[PDB]
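Take a look at the structure below.
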Amino acid sequence: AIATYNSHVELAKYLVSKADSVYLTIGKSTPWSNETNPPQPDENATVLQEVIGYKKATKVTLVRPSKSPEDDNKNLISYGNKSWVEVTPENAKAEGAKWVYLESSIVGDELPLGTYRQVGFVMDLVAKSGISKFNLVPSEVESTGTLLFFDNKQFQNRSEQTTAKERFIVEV
Amino acid sequence: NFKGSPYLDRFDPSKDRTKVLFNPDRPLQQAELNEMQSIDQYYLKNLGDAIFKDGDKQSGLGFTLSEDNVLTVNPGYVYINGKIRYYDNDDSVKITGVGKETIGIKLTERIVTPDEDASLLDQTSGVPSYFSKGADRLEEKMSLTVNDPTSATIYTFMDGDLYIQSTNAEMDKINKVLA
Amino acid sequence: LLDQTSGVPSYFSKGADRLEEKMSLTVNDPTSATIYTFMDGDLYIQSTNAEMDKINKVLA
Amino acid sequence: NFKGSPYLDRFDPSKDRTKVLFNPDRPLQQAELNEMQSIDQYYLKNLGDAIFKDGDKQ
Amino acid sequence: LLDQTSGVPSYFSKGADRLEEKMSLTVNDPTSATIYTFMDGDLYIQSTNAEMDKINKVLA
Amino acid sequence: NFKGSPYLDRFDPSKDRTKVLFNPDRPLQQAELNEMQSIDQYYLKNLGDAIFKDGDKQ
Amino acid sequence: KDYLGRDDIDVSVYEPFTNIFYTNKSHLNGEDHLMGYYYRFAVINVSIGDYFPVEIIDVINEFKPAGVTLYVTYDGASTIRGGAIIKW
């Protein structure tokens, strides 16, 4: 047996259906052993090191690379030095849009201010009772969930003036 | 109070302003929308008040009393605070069964936001504003109260006995003219 | 009536207008809504409670 | 005269049109907003005329 | 219904629909709101002035 | 039924929601406008039903 | 570009007042937002496609015109090592 194009679209739509629980998270506020060259990630990891906070995912949607003229006059995304066009869940299969686009923005000091070197997109996150706000710190979280796609970086720095926009595209 | 920062409702009855006249090619103001609905609701409240009283029962609301003086009211219509509201709450408030006791309904204002209720997020398929936050909602639920002077009386009891009956709809101003 | 968020005059400050309806009192204008009637400076008809023309017509 | 040039309110009782049904991704005409409130005020006027007369003291 | 405001970007552009509710006459339709009743071509009940069911119950 | 896709009228009497409170720096939804007039029309219907009956000649 | 190292980085300035919701022209469910504090004139949001010191904000303070509020956005995508698309 083999995996079909429509099976990948079905997996993309499954990720769409799970989009409500998705949360952006960052961590690793301390230095690496090699700041000028961060280390490779470990796939077996269960949670980011030195978690700073969690933020709800602003946007999860299916996309595809754009092509003229049928995408010229429509909403568009730039990512990976390539143009992308949004496609709805109920039109993905006919468009063959088996790409998924993820985004979330950490605006200002809505989470604790400091350096950070790790980024990841968890799902199935649950906060404590009565914590309805999107932005969360690790003490307020009830269920951290799964450590879906994450990556390391060189250290950044943040302030009330700064917004950190983090996003991904994934082939599923 | 909706005159504050988050909403900036500019409605005020003393100004005698009864219509927001929008103009073309201008930046739209959320204050104007808030006032637009406020005016209509205020005049509807006025028209209601001219006829009904806050404790007037229209239909239904047949009460049930258990042996332990626990009181439950069936669904029904009622005029409270400028509107005729359909009561449909399953309260179970009990009375002391001694002395004069009055059953009243209290209206509590609460704010519902997209953060609490995710359905309020925009769900127009295939637009830029998809899943974006938007306007909040004012939720006004009704609950039973006993011996509360702030609440609108619906029933009165004397030693656990019903004091006054009212078979059909109550209309205070009409009843005054008829009397 | 200017934009309260900005709170200053500006190109974006203006917006919708308002319809104001001020009541005034008259003497013998037929177009105005009559509330009282007088005969030689004496009151003509009283009404102790709310007036309702259609209701009263039914009741009569 | 709210049918005039600045507002262009399209309300008229003969048409028997009771609701403005907005649609996504279209211009929000100011005339539609004006008519949106005008309909409600007209029907409130009808409801008040079915009970009361002009100059009825309360 | 097209925008007819002179000299705007949205000139002649589509917009909000309308909800047209046209009243028609019917005979022996149960869904309709009855207004008259006849027996062998003869009027069954008269009403000289406005009808008000709730008010009529209290008055009765 | 206006709850469907082309209008998405989000009014429902069982929710006891009586005002659409707009906020600044947000996008404007057609569903909010539809609900804005729907609430007023439903409460006007409730007021009229408390007094009159369908088919009541005036 | 003259405080960071090079020219090939993506840098643009966003002006939110262009997306103010006007009654007529703006689409109802479009990209425009209702006028307020952020969607306001004399405001700018600068997107930068690379790592930067916070002191770069002070550099913009040296350059921007007086009376304009400044925001900075950090686009993590542009910094990603190699191709940023992840495979399953």
Going through region D:5-25 in order, the residues found to be facing chain E (nearest Cβ under 7 Å) and on the phi > 0 side of the Ramachandran plot are D:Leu8, D:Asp16
Scan region B:133-168 for residues that are small (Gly, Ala, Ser), in a loop (DSSP other than H, G, I, E, B) and surrounded by fewer than 20 Cβ atoms within 10 Å (Cβ to Cβ) and report the count. 2
Quick check: is even one residue across region B:8-16 facing another protein chain (nearest Cβ under 7 Å), aliphatic (A, V, I, L, M), part of a loop (DSSP other than H, G, I, E, B) and surrounded by 17 or more Cβ atoms within 10 Å (Cβ to Cβ)? yes
Residue selected from region A:117-172 under the condition closer than 27 Å to G:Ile56 by Cβ, acidic (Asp, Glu) and not in a loop (DSSP other than H, G, I, E, B), by the criterion nearest to the other protein chains (Cβ to nearest Cβ): A:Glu166
Determine, yes or no, whether C:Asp17 is acidic (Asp, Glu) and farther than 24 Å from B:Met36 by Cβ. no
Does B:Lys57 satisfy being basic (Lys, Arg) and within 14 Å of another protein chain (Cβ to nearest Cβ)? yes
Counting residues that are away from chain F (no Cβ under 14 Å) and within 15 Å of the chain's Cα centre (by Cα), which strands (runs of 3 or more DSSP E) fully inside chain G reach at least 1? G:11-14, G:43-48, G:69-75
Counting only residues that are under 26 Å from A:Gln118 (Cβ atoms) and charged (D, E, K, R), give me the strands (runs of 3 or more DSSP E) lying completely in region A:48-93 with at least 2 of them. A:51-56
Checking the condition more than 7 Å from every other protein chain (Cβ to nearest Cβ), surrounded by 10 or more Cβ atoms within 10 Å (Cβ to Cβ) and farther than 30 Å from G:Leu34 by Cα, which residue from C:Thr26, C:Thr37, C:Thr48 passes? C:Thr26
For a quick check of your reading: which strands (runs of 3 or more DSSP E) sit entirely within region B:37-90 and have at least 2 residues that are under 16 Å from the mean Cα position of the chain (by Cα), touching a residue at least 12 places away in the same chain (Cβ under 8 Å) and closer than 30 Å to D:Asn34 by Cβ? B:83-87
If B:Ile111 passes every condition in (1) of a type in the set (A, V, I, L, M, F, W, C); (2) within 14 Å of chain F (Cβ to nearest Cβ); (3) over 20 Å from the mean Cα position of the chain (by Cα); (4) surrounded by fewer than 16 Cβ atoms within 10 Å (Cβ to Cβ) but one, which one does it miss? (3)
Looking at C:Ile35, C:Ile55, C:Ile45, which one is outside any loop (DSSP other than H, G, I, E, B) and not basic (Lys, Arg)? C:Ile55
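Cβ coordinates were reconstructed from backbone atoms using ideal geometry, including for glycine residues, and neighbour counts include every protein chain displayed. We did not get these values from a lab; they are worked out from the coordinates using the rules stated.
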